[PDB]
Structures are given as C-alpha cells and as structure tokens.
Amino acid sequence: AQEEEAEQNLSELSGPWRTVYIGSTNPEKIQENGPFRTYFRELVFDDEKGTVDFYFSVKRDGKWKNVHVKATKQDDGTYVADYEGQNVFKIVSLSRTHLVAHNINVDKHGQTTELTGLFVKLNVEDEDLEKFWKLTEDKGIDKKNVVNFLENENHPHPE
Amino acid sequence: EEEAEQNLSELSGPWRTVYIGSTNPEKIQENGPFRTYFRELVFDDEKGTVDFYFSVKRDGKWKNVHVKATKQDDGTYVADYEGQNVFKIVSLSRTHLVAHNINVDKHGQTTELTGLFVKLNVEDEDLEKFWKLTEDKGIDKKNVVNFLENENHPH
Ligand SMILES: C=C[C@@H](O)CCCCC
Ligand SMILES: C=C[C@H](O)CCCCC
C-alpha cells in the first residue's frame, strides 16, 4: 500500500489572494516583463472537480494583462496547468491565511525553471461586513453609493 | 503556539480598501477624491497620529498621496485633505478597520463617508517556510521579488 487518500476541503479558501514573494532558479522569468512576475488577484478551489482557478495580472510588452488559468489535480496530489509551457504545481504549506507553493515550469524550448512562492489571503469577516453595512445604513448612504475596491477593473499599477 | 504581543503599532503595515460609501456619489466616482486605494497605515501611540498612504486617480492618472491625521481628546482624528476631515474609528482589530469620515470641502459642502479596510498579515512562520523551501531549491536570495512592497509603492 502506498499513501492513503487525502480528505480535501479547500473550497472555503477561495477568495481574494495576493502575491508576497516569488523566487526563481531562472531570474529572467520573474524580472520585469517576465512571464512569472504574477500579481495574484483571486483563487477559486473546487473540491468536487478537483481544480483551482488562478486569476492574476502580468505586464507584457508594456501592457497589463488579466489572466485566468485552470489547474487540475492528479492522483499524485500535484496540479498541472498550461501557462507559458507546462506546469507541475505543488502546495507545500496551506492555511486560512497563507499558501506556500513550488512550481516546475518547462517552456517551449524544454528549459526547466523551478519557482517558489508565498501568497496571502485577504480575509473579510462577516462580523466586520455587518458592522460596515449597519454604519452605512445609519449614515443614510444608499447601497448603490458604495464602491467595491476588491473586485474593480480600475486600479493602481504596481509597476 | 505563540502570538505577538498586542501593540497599536503592531497594526501598522499594508492595508487595503474593501468598501467606501458616500452621501455624495460624486466624491467616490471615477476621478473623485475619495476613491482611495489604501497602501499602508502607520499608527503612532506616542504622537497620537495615523499616517495614511493611498493612491487615487486624478485627471486620468494615478497619484500617490500621504496624509497625517492627528488624534483629539475625544478620540477622533483630524486631517487636511480636499478640505477639512474628522475621521472616527468605529471598529478596529488586527485585521479590520471600519471608519466614518466627515469632510467639508473648499465650498462648505459636507459629505459623510463610511469605509471598510482589511490588513494584509504576513506571519513569521509562513515567511520562514517560504525561505526554507526557496533555499531547498537552490534559489539565490537575489533571485526573489517582493511583490507586496511593489504594490505598497506603486506609480
Ligand atoms: C503556474 C501558474 C501561474 O499562473 C502561477 C505562477 C506563480 C507560482 C510560482
Ligand atoms: C481623511 C484622510 C483619510 O484617508 C480619509 C478616508 C475616508 C474613508 C472612509
């Protein structure tokens, strides 16, 4: 018998996430204009389909791009996805607030690059949301006069 | 199992805007002065001040702005920005900030705003796990990019 099945419930970790650090065995991949200089925005985990949808932004050729990548889990436990080549992604450490991962990428020229990363989740609690909505109602502010800054196209550029 | 000692200064660091509401919609519309994306907040218990670092788009371009607020005896804070402001903290903890701001502009017009902000917390052990994995893979420290500080100091 090899290892046993892992009870996986990552669905609730879905939500807004941000990149803290990304390291690489090949500096070119994460330098300015690099394909892996990725600013995370959102992660969605589906325990039933065994997938993870990545939503992030990257600057290419002097232009900002919003990207969406779908990863599929394997018996191996790792995830595979297509993005600037083939990728084998492993979650090394995970909690309600952080994600530490290791990714192996092989580009169109067979070049292998190993990357490490630390991402943090932006947790918005129900208790705090309720406090905000009550206060907003107390001040006579209409719901239509409230702007969402977490999911908004018009935002500042990191570079 | 351990947690850092609770200090008001421990609340300083990267913060992000979640929601901002206004009695005057024009103030938070595109190019409005209060459509602020927070970057960092610095709390100083000694001086009774809070330094705000945010970005706001004006005339089609993003600007980085710094505002220093000073605490009053009644616990509220006063700050000069697009007129006079009295900022009150309604709820505050290690991860969230709910506030109410009263602004009176250069024309005597009053606007009341509400806001919800969240702190981005990076724990020591998580950082250590990242650095250990990074060295396990033979990655040089100079081959690591700090995305968080880039977002905290945009252009
Ligand atoms: C491999 C998928 C990309 O969208 C993420 C790259 C960052 C992980 C180090
Ligand atoms: C007064 C300076 C602060 O940045 C005010 C922001 C108001 C948000 C509710």
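Each chain gets a letter, A, B and so on, in the order its sequence line appears, and its residues count up from 1.
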Need one label for A/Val20: side chain, backbone, both or neither, based on atoms under 4.5 Å from any heavy atom in chain B. both
Gap separating the NE2 atom of B/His153 from the NE2 atom of B/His155, nearest 0.5 angstrom: 13.0 Å
Stepwise, does the side chain to side chain contact (heavy atoms under 4.5 Å, CB included) test hold for A/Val80 with A/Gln86? CA-CA 7 Å; A/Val80 298; A/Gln86 299 237 186; 6.0 Å; no
Using heavy atoms and a sub-4.5 Å threshold, report which of residues 23-49 of chain B line up against chain A, by residue number. B/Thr23, B/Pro25, B/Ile28, B/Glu30, B/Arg35, B/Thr36, B/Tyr37
Heavy-atom distance under 4.5 Å to chain A: side chain of B/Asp140, backbone, both or neither? neither
Pairwise side-chain contact, B/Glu149 with A/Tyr21, heavy-atom cut-off 4.5 Å (strictly under): no
What parts of residues 10-19 of chain A touch chain B if we use heavy atoms and a cut-off under 4.5 Å? A/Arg18, A/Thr19
For B/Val67 and B/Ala79, which heavy atoms make the closest approach, and how far apart are they? CG1-CB, 3.8 Å
Within residues 85-111 of chain B, which positions have a heavy-atom distance to chain A below 4.5 Å? B/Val90, B/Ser91, B/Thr95, B/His96, B/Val98, B/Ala99, B/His100
As an exercise: rank A/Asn145, A/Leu150, A/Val120 by heavy-atom pairs under 4.5 Å with chain B and give me the winner. A/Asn145
List the atom of A/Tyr79, the atom of A/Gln8, and the distance in Å for their closest heavy-atom pair. OH-OE1, 3.7 Å
Using heavy-atom distances under 4.5 Å, tell me whether B/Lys142 contacts chain A through its side chain, its backbone, both, or neither. neither
Contacting region of B/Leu120 [heavy-atom separation from chain A under 4.5 Å]: side chain
Flag side-chain contact, heavy atom, 4.5 Å: B/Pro154 against A/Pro158: no
Should the heavy atoms of other residues, nucleotides or ligands under 6.0 Å from CG of A/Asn148 be counted, would the total exceed 12? yes
Flag yes if more than 12 heavy atoms outside B/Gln72 fall under 6.0 Å of its CD atom; otherwise flag no. yes
Sorted by number, residues from residues 124-139 of chain A in contact with chain B (heavy atoms, under 4.5 Å): A/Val124, A/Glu125, A/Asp128, A/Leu129, A/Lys131, A/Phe132, A/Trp133, A/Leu135, A/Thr136, A/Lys139
Could you tell me which of B/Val56, B/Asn121, B/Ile20, B/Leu113 has the largest number of non-hydrogen atom pairs under 4.5 Å with chain A? B/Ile20
With chain B, the option among A/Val146, A/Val147, A/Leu118 that has the most non-hydrogen atom pairs under 4.5 Å is A/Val147
Gap between atom CZ of B/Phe117 and atom CZ of A/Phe149 - 0.5 Å precision: 8.0 Å
Taking A/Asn152 for its side chain and A/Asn154 for its backbone only, find out whether a donor-acceptor pair lies under 3.5 Å. yes
In terms of hydrophobic clusters joined by side-chain contacts under 4.5 Å, are A/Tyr55 and A/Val67 together? no
